[PDB]
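Have a look at the structure below before the remarks.
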Amino acid sequence: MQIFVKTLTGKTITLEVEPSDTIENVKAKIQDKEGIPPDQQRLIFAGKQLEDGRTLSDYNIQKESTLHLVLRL
Amino acid sequence: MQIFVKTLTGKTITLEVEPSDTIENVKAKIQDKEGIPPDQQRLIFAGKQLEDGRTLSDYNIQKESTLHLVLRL
Amino acid sequence: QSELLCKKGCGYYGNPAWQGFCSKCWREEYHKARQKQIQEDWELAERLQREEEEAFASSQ
Ligand SMILES: [Zn+2]
């Protein structure tokens, strides 16, 4: 499936994922494209910050779903 | 991957295997460690005795899976 | 808030692939079912052991 990660600075990363993929692995995928390290990444979906050891399916992230990315400092 | 073979006498052999490995080859691996010949080995998984010409994948033996070993007489 | 909520009711969402459970709850269930196969397999092993010993002594 495919989901989207919108930055606050006018970038929409398009990821190739599976419902079984861990949040941690999704943040690795973002690294593959954007070069941002996983520990410098906050992911948001439906008002929650996404927890590393949980999966997309745990949050009901389906086809087309859109998350947000905030950088840690 | 890694699977475990528990004896009835307080030994747990830890094997290094692939899903493609044949039961026969797994019994060769046990020989490498324990010196027990393949034809003196009964392997058990999920209530079945494991057939020599079949593979780990045929029985759905995955990561961490635990079989048992009975000696033939 | 829908029908997709995890069957253990721990608040997270379940997965069709994991029969209704979430990732963490599915792990516990998987470990639980694995514990049972080891136990049953040990019991099988015992039977096969007793049988090999009986079949042996049924020689000399
Ligand atoms: Zn759950």
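In the structure tokens, the first chain shown is A, the next is B, and so on; residue numbers restart at 1 for each chain, and ligands run from 1 in the order shown.
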Return as CSV the residues of chain C lying at most 9 Å from ligand 1, together with the closest atom-to-atom pair for each and the distance in Å to one decimal, counting only C-alpha atoms and all ligand atoms, with rows in chain order and ascending residue number.
residue,atom,partner,partner_atom_place_in_ligand_line,distance
C:5,CA,ligand 1,1 (Zn),8.0
C:6,CA,ligand 1,1 (Zn),4.7
C:7,CA,ligand 1,1 (Zn),6.5
C:8,CA,ligand 1,1 (Zn),5.2
C:9,CA,ligand 1,1 (Zn),6.0
C:10,CA,ligand 1,1 (Zn),4.8
C:11,CA,ligand 1,1 (Zn),6.6
C:12,CA,ligand 1,1 (Zn),5.4
C:13,CA,ligand 1,1 (Zn),6.7
C:14,CA,ligand 1,1 (Zn),6.5
C:20,CA,ligand 1,1 (Zn),8.4
C:21,CA,ligand 1,1 (Zn),5.3
C:22,CA,ligand 1,1 (Zn),4.3
C:23,CA,ligand 1,1 (Zn),6.9
C:24,CA,ligand 1,1 (Zn),6.1
C:25,CA,ligand 1,1 (Zn),4.4
C:26,CA,ligand 1,1 (Zn),7.2
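For stretch 13-26 of chain B, the set of protein, DNA and RNA residues having any atom at most 6 Å away, when counting only C-alpha atoms and skipping those fewer than 4 positions along the same chain, is residues 1, 2, 3, 4, 5, 52, 54, 55, 56 and 57 of chain B.
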Can I get the selected residues back with N, CA and C atoms, as a PDB file, in the first residue's frame?
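selection.pdb written:
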ATOM      1  N   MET B   1      18.027 -18.228   9.892  1.00  0.00           N
ATOM      2  CA  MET B   1      17.155 -18.217  11.105  1.00  0.00           C
ATOM      3  C   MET B   1      17.632 -19.215  12.154  1.00  0.00           C
ATOM      4  N   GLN B   2      16.949 -19.218  13.296  1.00  0.00           N
ATOM      5  CA  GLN B   2      17.307 -20.076  14.413  1.00  0.00           C
ATOM      6  C   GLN B   2      16.079 -20.797  14.966  1.00  0.00           C
ATOM      7  N   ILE B   3      16.196 -22.118  15.116  1.00  0.00           N
ATOM      8  CA  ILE B   3      15.175 -22.933  15.793  1.00  0.00           C
ATOM      9  C   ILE B   3      15.812 -23.804  16.886  1.00  0.00           C
ATOM     10  N   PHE B   4      14.981 -24.358  17.771  1.00  0.00           N
ATOM     11  CA  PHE B   4      15.480 -25.090  18.934  1.00  0.00           C
ATOM     12  C   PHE B   4      14.967 -26.515  18.977  1.00  0.00           C
ATOM     13  N   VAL B   5      15.848 -27.441  19.359  1.00  0.00           N
ATOM     14  CA  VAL B   5      15.494 -28.850  19.515  1.00  0.00           C
ATOM     15  C   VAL B   5      15.693 -29.272  20.976  1.00  0.00           C
ATOM     16  N   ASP B  52      11.597 -36.958   6.566  1.00  0.00           N
ATOM     17  CA  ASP B  52      12.954 -36.673   6.082  1.00  0.00           C
ATOM     18  C   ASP B  52      13.070 -35.821   4.815  1.00  0.00           C
ATOM     19  N   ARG B  54      10.948 -33.735   3.492  1.00  0.00           N
ATOM     20  CA  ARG B  54      10.231 -32.462   3.533  1.00  0.00           C
ATOM     21  C   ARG B  54      11.137 -31.400   4.134  1.00  0.00           C
ATOM     22  N   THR B  55      10.727 -30.143   4.022  1.00  0.00           N
ATOM     23  CA  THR B  55      11.529 -29.028   4.515  1.00  0.00           C
ATOM     24  C   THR B  55      10.857 -28.362   5.704  1.00  0.00           C
ATOM     25  N   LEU B  56      11.634 -27.588   6.459  1.00  0.00           N
ATOM     26  CA  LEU B  56      11.114 -26.784   7.562  1.00  0.00           C
ATOM     27  C   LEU B  56       9.913 -25.944   7.142  1.00  0.00           C
ATOM     28  N   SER B  57       9.991 -25.349   5.952  1.00  0.00           N
ATOM     29  CA  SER B  57       8.916 -24.512   5.443  1.00  0.00           C
ATOM     30  C   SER B  57       7.621 -25.295   5.244  1.00  0.00           C
TER      31      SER B  57
END
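Within 8 Å of chain C, and counting only C-alpha atoms, chain B contributes residues 8, 44, 45, 46, 47, 66, 67, 68, 69, 70, 71, 72 and 73 of chain B.
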Among chain C, which ones does DSSP assign to helix (DSSP H, G or I) (computed from the backbone)? Answer as a compact mmCIF listing (two decimals) with C-alpha atoms, in the first residue's frame.
# COMPACT_ATOMS: atom_id res chain seq x y z
CA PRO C 16 -7.50 -8.72 9.78
CA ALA C 17 -4.20 -10.60 9.21
CA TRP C 18 -3.79 -11.16 12.98
CA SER C 23 0.73 -6.13 17.12
CA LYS C 24 1.40 -6.43 20.88
CA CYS C 25 -1.70 -8.50 21.72
CA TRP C 26 -1.04 -10.75 18.73
CA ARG C 27 2.48 -11.37 20.07
CA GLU C 28 1.08 -12.50 23.45
CA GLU C 29 -1.45 -14.79 21.74
CA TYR C 30 1.25 -16.18 19.45
CA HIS C 31 3.50 -16.87 22.45
CA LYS C 32 0.52 -18.44 24.26
CA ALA C 33 -0.23 -20.81 21.34
CA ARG C 34 3.46 -21.62 20.96
CA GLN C 35 3.66 -22.51 24.67
CA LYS C 36 0.88 -25.04 24.08
CA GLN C 37 2.55 -26.72 21.09
CA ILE C 38 5.81 -27.16 23.03
CA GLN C 39 3.83 -28.78 25.86
CA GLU C 40 1.83 -31.06 23.56
CA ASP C 41 5.00 -31.92 21.62
CA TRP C 42 6.77 -32.81 24.88
CA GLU C 43 3.86 -35.14 25.66
CA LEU C 44 4.17 -36.73 22.19
CA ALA C 45 7.95 -37.05 22.73
CA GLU C 46 7.25 -38.86 26.02
CA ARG C 47 4.94 -41.37 24.28
CA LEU C 48 7.44 -42.04 21.50
CA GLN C 49 10.13 -42.47 24.16
CA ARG C 50 8.08 -45.01 26.16
CA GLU C 51 7.30 -46.85 22.92
CA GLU C 52 10.93 -47.04 21.75
CA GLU C 53 11.95 -48.33 25.19
CA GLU C 54 9.16 -50.93 25.16
CA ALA C 55 9.96 -51.96 21.57
CA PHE C 56 13.63 -52.23 22.52
CA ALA C 57 13.03 -54.40 25.63
